[PDB]
There are 2 protein chains.
Amino acid sequence: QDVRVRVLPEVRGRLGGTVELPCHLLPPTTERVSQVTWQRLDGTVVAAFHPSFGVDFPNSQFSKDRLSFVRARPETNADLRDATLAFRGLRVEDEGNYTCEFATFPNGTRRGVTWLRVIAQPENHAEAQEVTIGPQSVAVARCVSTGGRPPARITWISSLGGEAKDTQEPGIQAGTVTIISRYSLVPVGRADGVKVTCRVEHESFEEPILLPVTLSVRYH
Amino acid sequence: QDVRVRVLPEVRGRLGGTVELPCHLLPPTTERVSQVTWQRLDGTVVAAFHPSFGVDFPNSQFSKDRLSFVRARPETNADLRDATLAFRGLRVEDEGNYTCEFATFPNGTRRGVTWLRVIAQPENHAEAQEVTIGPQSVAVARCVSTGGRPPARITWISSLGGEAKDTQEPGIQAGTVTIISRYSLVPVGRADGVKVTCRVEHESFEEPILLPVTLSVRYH
Ligand SMILES: *[C@@H]1O[C@H](CO[C@@H]2O[C@@H](C)[C@@H](O)[C@@H](O)[C@@H]2O)[C@@H](O[C@@H]2O[C@H](CO)[C@@H](O[C@@H]3O[C@H](CO)[C@@H](O)[C@H](O)[C@@H]3O)[C@H](O)[C@H]2NC(C)=O)[C@H](O)[C@H]1NC(C)=O
Ligand SMILES: *[C@@H]1O[C@H](CO[C@@H]2O[C@@H](C)[C@@H](O)[C@@H](O)[C@@H]2O)[C@@H](O[C@@H]2O[C@H](CO)[C@@H](O[C@@H]3O[C@H](CO)[C@@H](O)[C@H](O)[C@@H]3O)[C@H](O)[C@H]2NC(C)=O)[C@H](O)[C@H]1NC(C)=O
Ligand SMILES: *[C@@H]1O[C@H](CO[C@@H]2O[C@@H](C)[C@@H](O)[C@@H](O)[C@@H]2O)[C@@H](O[C@@H]2O[C@H](CO)[C@@H](O[C@@H]3O[C@H](CO)[C@@H](O)[C@H](O)[C@@H]3O)[C@H](O)[C@H]2NC(C)=O)[C@H](O)[C@H]1NC(C)=O
Ligand SMILES: *[C@@H]1O[C@H](CO[C@@H]2O[C@@H](C)[C@@H](O)[C@@H](O)[C@@H]2O)[C@@H](O[C@@H]2O[C@H](CO)[C@@H](O[C@@H]3O[C@H](CO)[C@@H](O)[C@H](O)[C@@H]3O)[C@H](O)[C@H]2NC(C)=O)[C@H](O)[C@H]1NC(C)=O
């Protein structure tokens, strides 16, 4: 894990979206570059670049349709020190640790490693459930952050001191998860009409999203 | 530590002598080779080979005077899969773990690692010390394996049950060690003329070397 190879430790990309993973051999340019290879941790080579032999993306799983080098030079940069790797149509399966390796000469190989995270932005909905008075604590409201990656975090902003209950469950999409949160309390008459807000946090949002809902109690 | 790179785990060479360290990328030949580099563990590159840029031995310590590739081809083998590295004028300082690395394309780098040991063959001498009768246990014989690497192992084959004492000490040559072994016993009259043998074992010898000596006691 060499300082003269510059990369970013972490990099995030939207499910089914695109990311560039940057990688550079930092100058001074005091060594020739022999070839560049992007490997996964398993060892599996993802993309490879060679000044004579050209480019290759030998894994059927990370094919040329999705992977590409950003390198822009007109077929002939006096040296290929920028090794930046673009992904498209991101898969959950691409979440991984990628390793950018420069075979230099006569200096040996230098590498840098970047963690690619695939985020999925969930879909959010809340509602009140209409309830009758009674001593049993029932769900008076629910909030659901569907198909998040990673799992979203729901909390309840309410003036009444009702217990929250939540649970996980698999998302529709491979490696997404839906979070279900139920707001329960003993239904009391003064509660009718009171706004109770669902507060859902997730990587993909600038900040917590708020889904306000108004409670509904029997016999106003 | 890849199976498709063939090397030898261990390799021994005489101080101030020569060794070849062999290294091959095993066929089938299903990948192009980009460049070959021999690194020490520290990382320090010892020798490097590149099909276009040529050869280099960039470390002042392992210079071209001593290092060389055995590779024989007339400047143009269709591929340079044999990466065998010759050393000469071996130094104690070269004892190390060397790593043979093939930058392949598009396949990544494969490597193999060989431990290079520098042996020094010691010089051996033994003698009896002449002694007078007396209750005090004195050295009646000594044996010295001078300037060994690694340290030699001396033992005594004798019919009399005398205690052995030995000690280390630095050798003349950097990273050699002299072993001194004294054969002591209470000098008894029947012992005169009795052969007592020095038995010294060391890597460099086919087997244990034997230095026989005849005891010398006062008043036969
Ligand atoms: C470098 O990678 C190449 C190609 O790798 C192939 O595809 C990638 C997406 C990955 O899935 C790789 O795992 C995959 O191999 C390798 O070439 C292949 O080498 C192997 C031998 O190591 C060949 O298998 C042999 O097949 C023959 C008969 O066809 C048998 O007789 C052998 O016993 C053996 O099973 C394979 O056919 C070959 N592929 C091609 C297109 O030639 C290469 O081995 C690898 N090299 C290194 C050093 O990693
Ligand atoms: C991708 O790689 C990153 C970072 O690199 C990590 O370090 C490397 C040098 C290797 O040794 C890798 O094995 C290692 O993953 C990973 O981030 C790290 O993930 C590990 C899980 O394997 C986390 O370890 C935890 O550490 C805490 C203490 O803080 C313990 O309580 C746990 O038991 C657990 O061991 C670690 O927190 C995390 N580090 C950072 C900075 O996020 C990553 O997991 C791996 N993932 C992917 C998707 O590629
Ligand atoms: C690959 O190795 C080359 C040459 O390495 C040199 O000799 C070997 C036997 C080893 O002892 C190496 O450690 C040694 O560097 C490296 O080239 C050298 O790069 C450094 C910068 O990393 C240069 O030092 C700079 O010097 C200038 C002024 O001269 C300062 O302004 C800088 O602040 C810095 O100190 C050094 O001069 C340069 N040598 C040559 C001949 O150009 C190279 O860095 C290295 N590359 C990698 C990726 O490892
Ligand atoms: C050169 O390298 C060899 C072999 O490779 C070794 O394994 C590598 C994968 C790395 O992890 C290296 O760190 C490691 O050296 C070395 O041979 C081994 O040396 C180590 C000392 O570092 C020995 O370890 C001992 O193990 C015993 C238990 O059996 C313990 O009681 C000791 O505490 C000690 O840790 C090990 O015996 C030895 N292995 C063999 C097969 O000989 C070598 O030391 C290193 N030396 C040189 C000159 O390059």
# chains A, B, ... in the order shown; residues from 1 in each chain; ligands from 1
$ residues_around --residues "stretch 146-155 of chain B" --least-positions-apart "4" --cutoff "8 Å" --atoms "only C-alpha atoms" --output "PyMOL selection string"
chain B and resi 118-124+164+170-173+175-181+198-203
$ write_last_selection --atoms "N, CA, C and O atoms" --output "JSON list (two decimals), in the first residue's frame"
[["chain", "number", "residue", "atom", "x", "y", "z"],
["B", 118, "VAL", "N", 23.73, -18.34, 2.72],
["B", 118, "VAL", "CA", 25.17, -18.26, 2.54],
["B", 118, "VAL", "C", 25.84, -19.12, 3.60],
["B", 118, "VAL", "O", 25.80, -18.85, 4.80],
["B", 119, "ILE", "N", 26.46, -20.18, 3.15],
["B", 119, "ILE", "CA", 27.22, -21.02, 4.07],
["B", 119, "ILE", "C", 28.70, -20.66, 4.02],
["B", 119, "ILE", "O", 29.22, -20.26, 2.97],
["B", 120, "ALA", "N", 29.35, -20.80, 5.15],
["B", 120, "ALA", "CA", 30.82, -20.74, 5.21],
["B", 120, "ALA", "C", 31.36, -22.00, 5.82],
["B", 120, "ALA", "O", 30.98, -22.38, 6.93],
["B", 121, "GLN", "N", 32.24, -22.65, 5.07],
["B", 121, "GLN", "CA", 32.87, -23.91, 5.49],
["B", 121, "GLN", "C", 34.04, -23.63, 6.44],
["B", 121, "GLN", "O", 34.97, -22.95, 6.07],
["B", 122, "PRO", "N", 33.98, -24.17, 7.67],
["B", 122, "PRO", "CA", 34.97, -23.81, 8.66],
["B", 122, "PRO", "C", 36.21, -24.62, 8.53],
["B", 122, "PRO", "O", 36.25, -25.62, 7.85],
["B", 123, "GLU", "N", 37.23, -24.17, 9.22],
["B", 123, "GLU", "CA", 38.51, -24.83, 9.25],
["B", 123, "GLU", "C", 38.68, -25.55, 10.58],
["B", 123, "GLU", "O", 38.39, -24.99, 11.64],
["B", 124, "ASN", "N", 39.17, -26.79, 10.53],
["B", 124, "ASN", "CA", 39.19, -27.65, 11.73],
["B", 124, "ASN", "C", 40.59, -28.12, 12.19],
["B", 124, "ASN", "O", 41.44, -28.50, 11.39],
["B", 164, "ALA", "N", 32.60, -32.49, 28.45],
["B", 164, "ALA", "CA", 32.92, -31.53, 27.39],
["B", 164, "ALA", "C", 32.50, -30.14, 27.84],
["B", 164, "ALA", "O", 31.46, -29.98, 28.47],
["B", 170, "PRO", "N", 33.23, -14.74, 17.91],
["B", 170, "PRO", "CA", 33.11, -14.26, 16.56],
["B", 170, "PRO", "C", 34.19, -14.80, 15.68],
["B", 170, "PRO", "O", 35.33, -14.92, 16.08],
["B", 171, "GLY", "N", 33.81, -15.07, 14.45],
["B", 171, "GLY", "CA", 34.77, -15.49, 13.43],
["B", 171, "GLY", "C", 35.54, -14.31, 12.89],
["B", 171, "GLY", "O", 35.21, -13.16, 13.15],
["B", 172, "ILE", "N", 36.60, -14.58, 12.15],
["B", 172, "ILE", "CA", 37.37, -13.50, 11.51],
["B", 172, "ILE", "C", 36.46, -12.79, 10.52],
["B", 172, "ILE", "O", 36.42, -11.56, 10.44],
["B", 173, "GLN", "N", 35.70, -13.59, 9.80],
["B", 173, "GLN", "CA", 34.85, -13.06, 8.74],
["B", 173, "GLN", "C", 33.47, -12.67, 9.20],
["B", 173, "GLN", "O", 32.77, -13.45, 9.83],
["B", 175, "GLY", "N", 30.09, -12.35, 10.24],
["B", 175, "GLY", "CA", 29.00, -13.34, 10.22],
["B", 175, "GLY", "C", 29.46, -14.77, 10.01],
["B", 175, "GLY", "O", 28.73, -15.62, 9.50],
["B", 176, "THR", "N", 30.70, -15.03, 10.40],
["B", 176, "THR", "CA", 31.14, -16.38, 10.75],
["B", 176, "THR", "C", 31.37, -16.47, 12.25],
["B", 176, "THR", "O", 31.58, -15.46, 12.91],
["B", 177, "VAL", "N", 31.32, -17.68, 12.77],
["B", 177, "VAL", "CA", 31.54, -17.90, 14.20],
["B", 177, "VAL", "C", 32.52, -19.09, 14.42],
["B", 177, "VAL", "O", 32.40, -20.14, 13.79],
["B", 178, "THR", "N", 33.49, -18.88, 15.30],
["B", 178, "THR", "CA", 34.45, -19.95, 15.68],
["B", 178, "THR", "C", 33.90, -20.67, 16.90],
["B", 178, "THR", "O", 33.47, -20.05, 17.88],
["B", 179, "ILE", "N", 33.90, -21.99, 16.84],
["B", 179, "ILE", "CA", 33.50, -22.81, 17.99],
["B", 179, "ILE", "C", 34.71, -23.51, 18.60],
["B", 179, "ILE", "O", 35.42, -24.25, 17.92],
["B", 180, "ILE", "N", 34.90, -23.24, 19.88],
["B", 180, "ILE", "CA", 36.00, -23.81, 20.69],
["B", 180, "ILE", "C", 35.41, -24.87, 21.61],
["B", 180, "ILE", "O", 34.50, -24.57, 22.37],
["B", 181, "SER", "N", 35.92, -26.10, 21.54],
["B", 181, "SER", "CA", 35.51, -27.17, 22.47],
["B", 181, "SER", "C", 36.69, -27.83, 23.19],
["B", 181, "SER", "O", 37.60, -28.36, 22.56],
["B", 198, "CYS", "N", 37.81, -35.90, 18.07],
["B", 198, "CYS", "CA", 36.94, -34.72, 17.85],
["B", 198, "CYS", "C", 36.01, -34.94, 16.68],
["B", 198, "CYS", "O", 36.44, -35.19, 15.56],
["B", 199, "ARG", "N", 34.72, -34.80, 16.94],
["B", 199, "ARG", "CA", 33.68, -35.01, 15.92],
["B", 199, "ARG", "C", 32.88, -33.72, 15.64],
["B", 199, "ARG", "O", 32.03, -33.30, 16.43],
["B", 200, "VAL", "N", 33.18, -33.12, 14.50],
["B", 200, "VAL", "CA", 32.59, -31.81, 14.12],
["B", 200, "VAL", "C", 31.65, -31.92, 12.90],
["B", 200, "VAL", "O", 32.04, -32.35, 11.82],
["B", 201, "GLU", "N", 30.40, -31.53, 13.12],
["B", 201, "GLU", "CA", 29.38, -31.57, 12.06],
["B", 201, "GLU", "C", 29.07, -30.16, 11.62],
["B", 201, "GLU", "O", 29.10, -29.23, 12.42],
["B", 202, "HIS", "N", 28.75, -30.02, 10.35],
["B", 202, "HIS", "CA", 28.44, -28.71, 9.74],
["B", 202, "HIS", "C", 27.80, -28.92, 8.40],
["B", 202, "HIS", "O", 28.09, -29.89, 7.71],
["B", 203, "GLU", "N", 26.94, -27.99, 8.02],
["B", 203, "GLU", "CA", 26.19, -28.12, 6.75],
["B", 203, "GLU", "C", 27.10, -28.49, 5.58],
["B", 203, "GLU", "O", 26.77, -29.34, 4.77]]
$ residues_near_ligand --ligand "ligand 1" --cutoff "7 Å" --atoms "only C-alpha atoms and all ligand atoms" --output "list in words"
residues 58, 59 and 60 of chain A; 4, 28, 30, 31, 107 and 110 of chain B
$ select_by_dssp --residues "chain A" --states "strand (DSSP E)" --output "ChimeraX atom specification"
/A:5-7,10-14,18-21,23-25,32-40,45-50,54-56,68-69,85-88,96-105,108-119,123-128,138-148,153-157,164-167,177-185,195-201,209-214
$ closest_atom_pairs --of "chain A" --to "ligand 3" --cutoff "12 Å" --atoms "only C-alpha atoms and all ligand atoms" --output "tab-separated table"
residue	atom	partner	partner_atom_place_in_ligand_line	distance
A:1	CA	ligand 3	48 (C)	11.6
A:2	CA	ligand 3	48 (C)	8.2
A:3	CA	ligand 3	48 (C)	8.7
A:4	CA	ligand 3	48 (C)	5.8
A:5	CA	ligand 3	48 (C)	7.7
A:6	CA	ligand 3	48 (C)	11.1
A:24	CA	ligand 3	48 (C)	11.0
A:25	CA	ligand 3	48 (C)	7.5
A:26	CA	ligand 3	48 (C)	8.1
A:27	CA	ligand 3	22 (O)	8.2
A:28	CA	ligand 3	21 (C)	6.6
A:29	CA	ligand 3	44 (O)	7.9
A:30	CA	ligand 3	42 (O)	5.0
A:31	CA	ligand 3	46 (N)	5.8
A:32	CA	ligand 3	46 (N)	9.1
A:33	CA	ligand 3	48 (C)	9.5
A:81	CA	ligand 3	48 (C)	10.9
A:101	CA	ligand 3	48 (C)	11.2
A:102	CA	ligand 3	48 (C)	8.9
A:103	CA	ligand 3	48 (C)	9.5
A:104	CA	ligand 3	48 (C)	7.1
A:105	CA	ligand 3	1 (C)	7.9
A:106	CA	ligand 3	1 (C)	7.0
A:107	CA	ligand 3	1 (C)	4.6
A:108	CA	ligand 3	49 (O)	7.3
A:109	CA	ligand 3	48 (C)	7.7
A:110	CA	ligand 3	48 (C)	6.4
A:111	CA	ligand 3	48 (C)	9.5
A:112	CA	ligand 3	48 (C)	11.8
$ residues_near_ligand --ligand "ligand 4" --cutoff "8 Å" --atoms "only C-alpha atoms and all ligand atoms" --output "count of residues only"
10
$ decode --residues "stretch 150-164 of chain A" --atoms "N, CA, C and O atoms" --output "CSV table (one decimal), in the first residue's frame"
chain,number,residue,atom,x,y,z
A,150,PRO,N,-27.2,0.8,2.3
A,150,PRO,CA,-27.5,-0.2,3.4
A,150,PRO,C,-28.9,0.1,4.0
A,150,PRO,O,-29.6,1.0,3.5
A,151,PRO,N,-29.3,-0.8,4.9
A,151,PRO,CA,-30.6,-0.5,5.6
A,151,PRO,C,-30.7,0.9,6.2
A,151,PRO,O,-29.8,1.4,6.8
A,152,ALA,N,-31.9,1.5,5.9
A,152,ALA,CA,-32.2,2.8,6.4
A,152,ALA,C,-32.4,2.7,7.9
A,152,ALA,O,-32.6,1.7,8.5
A,153,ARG,N,-32.3,3.9,8.6
A,153,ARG,CA,-32.6,4.0,10.1
A,153,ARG,C,-33.8,4.9,10.4
A,153,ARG,O,-33.7,6.1,10.2
A,154,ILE,N,-34.9,4.3,10.8
A,154,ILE,CA,-36.1,5.0,11.1
A,154,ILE,C,-36.2,5.3,12.6
A,154,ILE,O,-36.0,4.5,13.4
A,155,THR,N,-36.6,6.6,12.9
A,155,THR,CA,-36.9,7.0,14.2
A,155,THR,C,-38.1,7.9,14.2
A,155,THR,O,-38.6,8.3,13.2
A,156,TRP,N,-38.7,8.1,15.4
A,156,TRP,CA,-40.0,8.8,15.5
A,156,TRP,C,-39.9,10.0,16.3
A,156,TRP,O,-39.5,10.0,17.4
A,157,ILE,N,-40.3,11.1,15.7
A,157,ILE,CA,-40.4,12.4,16.4
A,157,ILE,C,-41.8,12.6,16.8
A,157,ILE,O,-42.6,12.9,15.9
A,158,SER,N,-42.1,12.5,18.1
A,158,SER,CA,-43.5,12.6,18.6
A,158,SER,C,-43.5,13.1,20.0
A,158,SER,O,-42.6,12.7,20.8
A,159,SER,N,-44.5,13.9,20.3
A,159,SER,CA,-44.7,14.5,21.7
A,159,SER,C,-45.2,13.5,22.7
A,159,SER,O,-45.0,13.6,23.9
A,160,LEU,N,-46.0,12.5,22.1
A,160,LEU,CA,-46.5,11.4,22.9
A,160,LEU,C,-45.3,10.4,23.0
A,160,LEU,O,-44.5,10.2,22.1
A,161,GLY,N,-45.3,9.7,24.2
A,161,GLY,CA,-44.2,8.8,24.5
A,161,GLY,C,-44.5,7.3,24.2
A,161,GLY,O,-44.4,6.5,25.0
A,162,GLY,N,-44.8,7.1,22.9
A,162,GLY,CA,-45.1,5.8,22.4
A,162,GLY,C,-43.9,5.0,22.1
A,162,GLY,O,-42.9,5.5,21.6
A,163,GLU,N,-43.9,3.7,22.4
A,163,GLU,CA,-42.8,2.8,22.1
A,163,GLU,C,-42.8,2.5,20.6
A,163,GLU,O,-43.8,2.4,19.9
A,164,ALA,N,-41.5,2.5,20.0
A,164,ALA,CA,-41.3,2.2,18.6
A,164,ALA,C,-41.0,0.7,18.6
A,164,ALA,O,-40.3,0.2,19.4
